[PDB]
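Dropping model31.txt in here (compact mmCIF, N, CA and C atoms):
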```txt
# COMPACT_ATOMS: atom_id res chain seq x y z
N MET A 1 72.84 160.43 120.41
CA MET A 1 71.54 160.19 121.10
C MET A 1 71.67 159.04 122.10
N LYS A 2 71.78 159.33 123.37
CA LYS A 2 71.86 158.21 124.35
C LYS A 2 70.45 157.77 124.69
N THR A 3 69.77 157.24 123.72
CA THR A 3 68.38 156.79 123.94
C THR A 3 68.35 155.26 123.92
N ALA A 4 67.87 154.68 122.86
CA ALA A 4 67.86 153.19 122.77
C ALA A 4 69.22 152.71 122.27
N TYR A 5 70.07 153.65 121.91
CA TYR A 5 71.44 153.33 121.43
C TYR A 5 72.18 152.41 122.43
N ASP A 6 73.45 152.68 122.63
CA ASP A 6 74.29 151.89 123.58
C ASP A 6 73.46 151.33 124.74
N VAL A 7 72.82 152.19 125.49
CA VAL A 7 72.02 151.73 126.66
C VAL A 7 71.04 150.62 126.25
N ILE A 8 69.76 150.90 126.21
CA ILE A 8 68.79 149.84 125.84
C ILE A 8 68.64 149.74 124.32
N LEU A 9 69.22 148.73 123.73
CA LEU A 9 69.13 148.57 122.25
C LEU A 9 67.74 148.06 121.83
N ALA A 10 67.59 146.77 121.69
CA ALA A 10 66.27 146.22 121.28
C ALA A 10 65.56 145.55 122.46
N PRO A 11 64.26 145.45 122.33
CA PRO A 11 63.44 144.82 123.39
C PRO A 11 63.56 143.29 123.32
N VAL A 12 63.22 142.62 124.39
CA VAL A 12 63.31 141.13 124.39
C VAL A 12 61.91 140.52 124.53
N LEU A 13 61.46 139.80 123.54
CA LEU A 13 60.10 139.19 123.62
C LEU A 13 60.20 137.73 124.04
N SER A 14 59.74 137.41 125.22
CA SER A 14 59.80 136.00 125.69
C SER A 14 58.72 135.74 126.74
N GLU A 15 58.33 134.51 126.93
CA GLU A 15 57.28 134.21 127.95
C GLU A 15 57.54 135.01 129.23
N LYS A 16 58.66 134.78 129.86
CA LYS A 16 58.97 135.53 131.11
C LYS A 16 58.88 137.03 130.87
N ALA A 17 58.92 137.45 129.63
CA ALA A 17 58.84 138.91 129.33
C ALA A 17 57.41 139.28 128.92
N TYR A 18 56.86 138.58 127.97
CA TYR A 18 55.47 138.90 127.53
C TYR A 18 54.52 138.83 128.72
N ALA A 19 54.45 137.70 129.37
CA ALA A 19 53.55 137.59 130.55
C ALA A 19 54.03 138.55 131.64
N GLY A 20 55.21 139.08 131.49
CA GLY A 20 55.75 140.05 132.48
C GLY A 20 55.25 141.42 132.07
N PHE A 21 55.37 141.74 130.81
CA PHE A 21 54.86 143.05 130.33
C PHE A 21 53.45 143.22 130.87
N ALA A 22 52.80 142.11 131.08
CA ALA A 22 51.41 142.12 131.60
C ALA A 22 51.24 143.22 132.64
N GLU A 23 52.23 143.43 133.46
CA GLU A 23 52.12 144.49 134.51
C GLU A 23 52.70 145.81 134.00
N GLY A 24 53.49 145.76 132.96
CA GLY A 24 54.09 147.00 132.42
C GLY A 24 55.61 146.92 132.52
N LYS A 25 56.13 145.81 132.95
CA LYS A 25 57.61 145.67 133.07
C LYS A 25 58.20 145.32 131.70
N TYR A 26 59.29 145.95 131.33
CA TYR A 26 59.87 145.66 129.99
C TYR A 26 61.35 145.30 130.07
N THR A 27 61.67 144.06 129.80
CA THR A 27 63.08 143.61 129.81
C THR A 27 63.74 144.07 128.52
N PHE A 28 64.95 144.51 128.58
CA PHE A 28 65.62 145.00 127.34
C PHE A 28 67.06 144.51 127.26
N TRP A 29 67.64 144.60 126.10
CA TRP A 29 69.05 144.19 125.93
C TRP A 29 69.86 145.48 125.96
N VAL A 30 70.79 145.59 126.85
CA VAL A 30 71.51 146.87 126.93
C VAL A 30 72.98 146.66 127.28
N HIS A 31 73.79 147.61 126.93
CA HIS A 31 75.25 147.51 127.19
C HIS A 31 75.52 147.44 128.70
N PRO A 32 76.61 146.80 129.03
CA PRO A 32 77.01 146.66 130.44
C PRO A 32 77.54 147.99 130.98
N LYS A 33 76.67 148.94 131.17
CA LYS A 33 77.13 150.26 131.67
C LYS A 33 75.93 151.21 131.80
N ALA A 34 74.98 151.09 130.92
CA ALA A 34 73.79 151.98 130.98
C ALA A 34 73.30 152.10 132.43
N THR A 35 73.77 153.09 133.15
CA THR A 35 73.34 153.25 134.57
C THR A 35 71.83 153.01 134.70
N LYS A 36 71.42 152.41 135.79
CA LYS A 36 69.96 152.15 135.98
C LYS A 36 69.15 153.36 135.54
N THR A 37 69.47 154.52 136.05
CA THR A 37 68.71 155.74 135.65
C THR A 37 68.90 155.99 134.15
N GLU A 38 70.07 155.72 133.64
CA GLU A 38 70.31 155.93 132.18
C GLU A 38 69.29 155.14 131.37
N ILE A 39 69.04 153.91 131.75
CA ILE A 39 68.04 153.09 131.02
C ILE A 39 66.70 153.82 131.04
N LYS A 40 66.43 154.54 132.09
CA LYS A 40 65.14 155.29 132.17
C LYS A 40 65.05 156.28 131.00
N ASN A 41 66.12 156.99 130.76
CA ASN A 41 66.12 157.99 129.65
C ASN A 41 66.14 157.29 128.28
N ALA A 42 66.80 156.17 128.17
CA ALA A 42 66.86 155.48 126.84
C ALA A 42 65.44 155.18 126.33
N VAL A 43 64.61 154.58 127.14
CA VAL A 43 63.22 154.28 126.68
C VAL A 43 62.36 155.55 126.69
N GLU A 44 62.59 156.43 127.62
CA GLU A 44 61.77 157.68 127.67
C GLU A 44 61.95 158.49 126.38
N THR A 45 63.09 158.39 125.75
CA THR A 45 63.31 159.15 124.49
C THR A 45 62.63 158.44 123.31
N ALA A 46 62.80 157.15 123.21
CA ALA A 46 62.17 156.40 122.08
C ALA A 46 60.75 155.96 122.45
N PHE A 47 60.59 155.26 123.54
CA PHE A 47 59.23 154.80 123.93
C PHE A 47 58.40 155.99 124.42
N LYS A 48 59.04 157.10 124.70
CA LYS A 48 58.30 158.30 125.18
C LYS A 48 57.24 157.90 126.20
N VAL A 49 57.61 157.08 127.14
CA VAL A 49 56.64 156.64 128.17
C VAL A 49 57.09 157.13 129.55
N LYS A 50 56.54 156.57 130.58
CA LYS A 50 56.93 156.98 131.96
C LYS A 50 57.55 155.80 132.70
N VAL A 51 58.83 155.84 132.94
CA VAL A 51 59.48 154.71 133.66
C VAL A 51 59.21 154.82 135.16
N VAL A 52 58.58 153.83 135.72
CA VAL A 52 58.29 153.87 137.18
C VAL A 52 59.15 152.84 137.92
N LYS A 53 60.06 152.22 137.23
CA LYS A 53 60.94 151.21 137.88
C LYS A 53 61.74 150.45 136.82
N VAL A 54 63.04 150.53 136.88
CA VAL A 54 63.87 149.80 135.87
C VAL A 54 64.81 148.82 136.57
N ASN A 55 64.70 147.56 136.26
CA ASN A 55 65.60 146.56 136.89
C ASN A 55 66.37 145.83 135.80
N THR A 56 67.67 145.97 135.78
CA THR A 56 68.47 145.29 134.73
C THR A 56 69.42 144.27 135.35
N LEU A 57 69.73 143.23 134.62
CA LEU A 57 70.65 142.19 135.16
C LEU A 57 71.57 141.69 134.04
N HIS A 58 72.72 141.18 134.39
CA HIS A 58 73.66 140.69 133.33
C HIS A 58 73.08 139.46 132.64
N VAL A 59 73.14 139.42 131.34
CA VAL A 59 72.59 138.25 130.59
C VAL A 59 73.70 137.59 129.76
N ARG A 60 73.80 136.29 129.82
CA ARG A 60 74.86 135.59 129.04
C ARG A 60 74.22 134.63 128.03
N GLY A 61 74.89 134.37 126.94
CA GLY A 61 74.32 133.45 125.92
C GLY A 61 73.78 132.20 126.61
N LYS A 62 72.86 131.51 125.99
CA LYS A 62 72.30 130.28 126.62
C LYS A 62 73.42 129.42 127.19
N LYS A 63 74.10 128.67 126.36
CA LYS A 63 75.21 127.81 126.86
C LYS A 63 76.46 128.65 127.10
N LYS A 64 76.36 129.95 126.92
CA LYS A 64 77.55 130.83 127.13
C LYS A 64 78.82 130.16 126.62
N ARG A 65 78.72 129.38 125.58
CA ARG A 65 79.92 128.69 125.04
C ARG A 65 79.67 128.24 123.60
N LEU A 66 78.57 127.58 123.36
CA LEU A 66 78.27 127.11 121.98
C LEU A 66 79.44 126.30 121.42
N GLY A 67 79.31 125.00 121.38
CA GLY A 67 80.42 124.16 120.85
C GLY A 67 81.75 124.64 121.44
N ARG A 68 82.84 124.15 120.92
CA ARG A 68 84.17 124.57 121.45
C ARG A 68 84.27 126.10 121.48
N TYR A 69 85.42 126.62 121.79
CA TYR A 69 85.59 128.10 121.84
C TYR A 69 84.87 128.76 120.65
N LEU A 70 83.72 129.32 120.89
CA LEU A 70 82.97 129.98 119.77
C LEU A 70 82.00 131.02 120.32
N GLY A 71 82.43 131.74 121.30
CA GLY A 71 81.56 132.78 121.91
C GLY A 71 81.94 132.98 123.38
N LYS A 72 81.75 131.98 124.19
CA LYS A 72 82.10 132.11 125.63
C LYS A 72 81.19 133.15 126.30
N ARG A 73 80.79 132.90 127.52
CA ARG A 73 79.90 133.87 128.22
C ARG A 73 80.37 135.31 127.97
N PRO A 74 79.66 135.98 127.11
CA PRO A 74 80.00 137.38 126.76
C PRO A 74 79.56 138.32 127.88
N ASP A 75 79.54 139.60 127.60
CA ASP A 75 79.10 140.58 128.63
C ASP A 75 77.83 141.26 128.15
N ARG A 76 76.70 140.70 128.47
CA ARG A 76 75.41 141.31 128.04
C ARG A 76 74.58 141.70 129.26
N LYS A 77 73.83 142.76 129.17
CA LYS A 77 73.00 143.19 130.33
C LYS A 77 71.52 143.29 129.93
N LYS A 78 70.63 142.89 130.80
CA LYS A 78 69.18 142.97 130.48
C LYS A 78 68.53 144.08 131.32
N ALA A 79 67.49 144.70 130.83
CA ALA A 79 66.85 145.80 131.62
C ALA A 79 65.33 145.67 131.66
N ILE A 80 64.79 145.59 132.84
CA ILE A 80 63.31 145.49 132.98
C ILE A 80 62.76 146.86 133.38
N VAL A 81 62.03 147.49 132.51
CA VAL A 81 61.47 148.83 132.83
C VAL A 81 59.96 148.74 133.07
N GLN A 82 59.48 149.31 134.14
CA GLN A 82 58.02 149.27 134.39
C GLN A 82 57.45 150.66 134.24
N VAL A 83 56.25 150.78 133.78
CA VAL A 83 55.68 152.13 133.66
C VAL A 83 54.50 152.28 134.61
N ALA A 84 54.20 153.48 134.98
CA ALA A 84 53.07 153.70 135.92
C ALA A 84 51.78 153.13 135.34
N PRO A 85 50.73 153.26 136.11
CA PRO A 85 49.40 152.74 135.70
C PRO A 85 48.81 153.62 134.60
N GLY A 86 48.09 153.03 133.68
CA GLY A 86 47.48 153.82 132.58
C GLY A 86 48.46 153.89 131.40
N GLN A 87 49.71 153.62 131.65
CA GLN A 87 50.72 153.68 130.55
C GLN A 87 50.93 152.29 129.94
N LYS A 88 51.65 152.22 128.85
CA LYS A 88 51.89 150.90 128.21
C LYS A 88 52.76 151.07 126.96
N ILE A 89 54.01 150.70 127.03
CA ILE A 89 54.90 150.84 125.84
C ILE A 89 54.39 149.97 124.69
N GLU A 90 54.04 150.57 123.59
CA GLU A 90 53.52 149.77 122.43
C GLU A 90 54.67 149.08 121.70
N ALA A 91 55.89 149.48 121.96
CA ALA A 91 57.05 148.85 121.27
C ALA A 91 57.06 147.33 121.50
N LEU A 92 56.64 146.87 122.65
CA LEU A 92 56.64 145.40 122.91
C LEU A 92 55.21 144.86 122.86
N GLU A 93 54.24 145.70 123.09
CA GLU A 93 52.83 145.22 123.07
C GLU A 93 52.44 144.77 121.66
N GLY A 94 52.81 145.52 120.67
CA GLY A 94 52.46 145.13 119.27
C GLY A 94 53.61 144.32 118.66
N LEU A 95 54.59 143.96 119.46
CA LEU A 95 55.74 143.18 118.92
C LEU A 95 55.43 141.68 119.01
N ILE A 96 54.18 141.32 119.02
CA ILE A 96 53.82 139.87 119.10
C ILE A 96 53.18 139.41 117.79
```
Here is the file; what I need is its structure written in the form of structure tokens.
Amino acid sequence: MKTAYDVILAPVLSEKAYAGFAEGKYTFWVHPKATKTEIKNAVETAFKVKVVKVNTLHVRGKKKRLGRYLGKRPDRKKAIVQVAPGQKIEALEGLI
């Protein structure tokens, strides 16, 4: 199932995200490969919503290092999915 699997795994709840969801945009944690359009299908299968715009960017651990060698900027990607008007993914809306 190439849905929320490899592509968009779990949602990210944060000020820049919660106050962002405000418009319907949803940032997600996803593998460094889920083609932009692929992310559209990942949430469309689980969130069963309508993706009207998906913007993803590479995300690295906060200090991308944590003390001495103990992680180092890994390879993580974030995905912001927006849905048309009238829609609203409840996966992050009730995740507060």
> Would you give me, as an NGL selection string, the residues in region 34-65 of chain A that DSSP reads as strand (DSSP E)?
Replying inline: :A and (51-59)
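For the set A:28, A:46, A:57, A:63, the residue with the smallest atom-to-atom gap to residue 12 (chain A) is A:28, counting all atoms listed in the file.
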> What lies within 7 Å of residue 52 (chain A) using only N, CA and C atoms, ignoring chain neighbours under 2 positions off, as a PyMOL selection string?
Replying inline: chain A and resi 50+54+81-84
> Using all atoms listed in the file, which residues sit within 8 Å of residue 33 (chain A) once same-chain residues fewer than 5 positions away are excluded, as a ChimeraX atom specification?
Replying inline: /A:6-7,38-39,76-77
Filtering to N, CA and C atoms, could you give me those residues as a compact mmCIF listing (two decimals), keeping the file's coordinate frame?
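The result, written out as again35.txt:
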```txt
# COMPACT_ATOMS: atom_id res chain seq x y z
N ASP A 6 73.45 152.68 122.63
CA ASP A 6 74.29 151.89 123.58
C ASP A 6 73.46 151.33 124.74
N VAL A 7 72.82 152.19 125.49
CA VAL A 7 72.02 151.73 126.66
C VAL A 7 71.04 150.62 126.25
N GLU A 38 70.07 155.72 133.64
CA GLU A 38 70.31 155.93 132.18
C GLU A 38 69.29 155.14 131.37
N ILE A 39 69.04 153.91 131.75
CA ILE A 39 68.04 153.09 131.02
C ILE A 39 66.70 153.82 131.04
N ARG A 76 76.70 140.70 128.47
CA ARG A 76 75.41 141.31 128.04
C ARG A 76 74.58 141.70 129.26
N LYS A 77 73.83 142.76 129.17
CA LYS A 77 73.00 143.19 130.33
C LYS A 77 71.52 143.29 129.93
```
> Closest to residue 51 (chain A) among A:36, A:16, A:73, A:2, using only C-alpha atoms?
Replying inline: A:36
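One finds CA of residue 27 (chain A) at 13.1 Å from CA of residue 95 (chain A).
Closest approach to residue 40 (chain A) from the set A:53, A:66, A:89, A:96 is made by A:53, with distances taken over all atoms listed in the file.
CA of residue 85 (chain A) to CA of residue 34 (chain A) spans 24.9 Å [interatomic distance, one decimal].
Residue nearest residue 24 (chain A) within the list A:9, A:70, A:80, A:42: A:80 [criterion: smallest interatomic distance, all atoms listed in the file].
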> How would you write, as an MDAnalysis selection string, the set of residues in region 17-52 of chain A that DSSP gives as helix (DSSP H, G or I)?
Replying inline: chainID A and resid 17:21 36:46
Pull N, CA and C atoms from the residues just selected and write them as a PDB file, in the coordinates of the input.
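Produced file part_5.pdb, reproduced below:
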```pdb
ATOM      1  N   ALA A  17      58.920 137.450 129.630  1.00  0.00           N
ATOM      2  CA  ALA A  17      58.840 138.910 129.330  1.00  0.00           C
ATOM      3  C   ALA A  17      57.410 139.280 128.920  1.00  0.00           C
ATOM      4  N   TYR A  18      56.860 138.580 127.970  1.00  0.00           N
ATOM      5  CA  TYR A  18      55.470 138.900 127.530  1.00  0.00           C
ATOM      6  C   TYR A  18      54.520 138.830 128.720  1.00  0.00           C
ATOM      7  N   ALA A  19      54.450 137.700 129.370  1.00  0.00           N
ATOM      8  CA  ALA A  19      53.550 137.590 130.550  1.00  0.00           C
ATOM      9  C   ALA A  19      54.030 138.550 131.640  1.00  0.00           C
ATOM     10  N   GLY A  20      55.210 139.080 131.490  1.00  0.00           N
ATOM     11  CA  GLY A  20      55.750 140.050 132.480  1.00  0.00           C
ATOM     12  C   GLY A  20      55.250 141.420 132.070  1.00  0.00           C
ATOM     13  N   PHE A  21      55.370 141.740 130.810  1.00  0.00           N
ATOM     14  CA  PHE A  21      54.860 143.050 130.330  1.00  0.00           C
ATOM     15  C   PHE A  21      53.450 143.220 130.870  1.00  0.00           C
ATOM     16  N   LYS A  36      71.420 152.410 135.790  1.00  0.00           N
ATOM     17  CA  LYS A  36      69.960 152.150 135.980  1.00  0.00           C
ATOM     18  C   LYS A  36      69.150 153.360 135.540  1.00  0.00           C
ATOM     19  N   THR A  37      69.470 154.520 136.050  1.00  0.00           N
ATOM     20  CA  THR A  37      68.710 155.740 135.650  1.00  0.00           C
ATOM     21  C   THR A  37      68.900 155.990 134.150  1.00  0.00           C
ATOM     22  N   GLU A  38      70.070 155.720 133.640  1.00  0.00           N
ATOM     23  CA  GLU A  38      70.310 155.930 132.180  1.00  0.00           C
ATOM     24  C   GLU A  38      69.290 155.140 131.370  1.00  0.00           C
ATOM     25  N   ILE A  39      69.040 153.910 131.750  1.00  0.00           N
ATOM     26  CA  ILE A  39      68.040 153.090 131.020  1.00  0.00           C
ATOM     27  C   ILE A  39      66.700 153.820 131.040  1.00  0.00           C
ATOM     28  N   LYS A  40      66.430 154.540 132.090  1.00  0.00           N
ATOM     29  CA  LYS A  40      65.140 155.290 132.170  1.00  0.00           C
ATOM     30  C   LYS A  40      65.050 156.280 131.000  1.00  0.00           C
ATOM     31  N   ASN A  41      66.120 156.990 130.760  1.00  0.00           N
ATOM     32  CA  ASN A  41      66.120 157.990 129.650  1.00  0.00           C
ATOM     33  C   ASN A  41      66.140 157.290 128.280  1.00  0.00           C
ATOM     34  N   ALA A  42      66.800 156.170 128.170  1.00  0.00           N
ATOM     35  CA  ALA A  42      66.860 155.480 126.840  1.00  0.00           C
ATOM     36  C   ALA A  42      65.440 155.180 126.330  1.00  0.00           C
ATOM     37  N   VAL A  43      64.610 154.580 127.140  1.00  0.00           N
ATOM     38  CA  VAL A  43      63.220 154.280 126.680  1.00  0.00           C
ATOM     39  C   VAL A  43      62.360 155.550 126.690  1.00  0.00           C
ATOM     40  N   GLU A  44      62.590 156.430 127.620  1.00  0.00           N
ATOM     41  CA  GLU A  44      61.770 157.680 127.670  1.00  0.00           C
ATOM     42  C   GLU A  44      61.950 158.490 126.380  1.00  0.00           C
ATOM     43  N   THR A  45      63.090 158.390 125.750  1.00  0.00           N
ATOM     44  CA  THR A  45      63.310 159.150 124.490  1.00  0.00           C
ATOM     45  C   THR A  45      62.630 158.440 123.310  1.00  0.00           C
ATOM     46  N   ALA A  46      62.800 157.150 123.210  1.00  0.00           N
ATOM     47  CA  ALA A  46      62.170 156.400 122.080  1.00  0.00           C
ATOM     48  C   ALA A  46      60.750 155.960 122.450  1.00  0.00           C
TER      49      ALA A  46
END
```
> Rounded to one decimal in Å, what is the spacing between atom N of residue 4 (chain A) and CA of residue 47 (chain A)?
Replying inline: 8.7 Å
Missing atoms in region 41-53 of chain A should be modelled up to N, CA, C and O atoms and reported as an mmCIF file, in the coordinates of the input.
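Now in selection28.cif:
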```
data_model
loop_
_atom_site.group_PDB
_atom_site.id
_atom_site.type_symbol
_atom_site.label_atom_id
_atom_site.label_comp_id
_atom_site.auth_asym_id
_atom_site.auth_seq_id
_atom_site.Cartn_x
_atom_site.Cartn_y
_atom_site.Cartn_z
ATOM 1 N N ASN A 41 66.120 156.990 130.760
ATOM 2 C CA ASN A 41 66.120 157.990 129.650
ATOM 3 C C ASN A 41 66.140 157.290 128.280
ATOM 4 O O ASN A 41 65.578 157.778 127.325
ATOM 5 N N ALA A 42 66.800 156.170 128.170
ATOM 6 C CA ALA A 42 66.860 155.480 126.840
ATOM 7 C C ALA A 42 65.440 155.180 126.330
ATOM 8 O O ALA A 42 65.103 155.495 125.211
ATOM 9 N N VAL A 43 64.610 154.580 127.140
ATOM 10 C CA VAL A 43 63.220 154.280 126.680
ATOM 11 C C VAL A 43 62.360 155.550 126.690
ATOM 12 O O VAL A 43 61.487 155.717 125.860
ATOM 13 N N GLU A 44 62.590 156.430 127.620
ATOM 14 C CA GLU A 44 61.770 157.680 127.670
ATOM 15 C C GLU A 44 61.950 158.490 126.380
ATOM 16 O O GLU A 44 61.054 159.192 125.948
ATOM 17 N N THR A 45 63.090 158.390 125.750
ATOM 18 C CA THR A 45 63.310 159.150 124.490
ATOM 19 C C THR A 45 62.630 158.440 123.310
ATOM 20 O O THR A 45 61.959 159.057 122.508
ATOM 21 N N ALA A 46 62.800 157.150 123.210
ATOM 22 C CA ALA A 46 62.170 156.400 122.080
ATOM 23 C C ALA A 46 60.750 155.960 122.450
ATOM 24 O O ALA A 46 59.799 156.257 121.748
ATOM 25 N N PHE A 47 60.590 155.260 123.540
ATOM 26 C CA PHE A 47 59.230 154.800 123.930
ATOM 27 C C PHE A 47 58.400 155.990 124.420
ATOM 28 O O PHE A 47 57.190 155.914 124.544
ATOM 29 N N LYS A 48 59.040 157.100 124.700
ATOM 30 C CA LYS A 48 58.300 158.300 125.180
ATOM 31 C C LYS A 48 57.240 157.900 126.200
ATOM 32 O O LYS A 48 56.101 158.313 126.129
ATOM 33 N N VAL A 49 57.610 157.080 127.140
ATOM 34 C CA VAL A 49 56.640 156.640 128.170
ATOM 35 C C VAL A 49 57.090 157.130 129.550
ATOM 36 O O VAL A 49 57.929 157.997 129.676
ATOM 37 N N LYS A 50 56.540 156.570 130.580
ATOM 38 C CA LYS A 50 56.930 156.980 131.960
ATOM 39 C C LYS A 50 57.550 155.800 132.700
ATOM 40 O O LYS A 50 56.870 154.851 133.046
ATOM 41 N N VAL A 51 58.830 155.840 132.940
ATOM 42 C CA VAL A 51 59.480 154.710 133.660
ATOM 43 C C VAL A 51 59.210 154.820 135.160
ATOM 44 O O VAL A 51 59.569 155.787 135.799
ATOM 45 N N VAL A 52 58.580 153.830 135.720
ATOM 46 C CA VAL A 52 58.290 153.870 137.180
ATOM 47 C C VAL A 52 59.150 152.840 137.920
ATOM 48 O O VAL A 52 58.986 152.614 139.101
ATOM 49 N N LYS A 53 60.060 152.220 137.230
ATOM 50 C CA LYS A 53 60.940 151.210 137.880
ATOM 51 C C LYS A 53 61.740 150.450 136.820
ATOM 52 O O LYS A 53 61.186 149.793 135.961
#
```
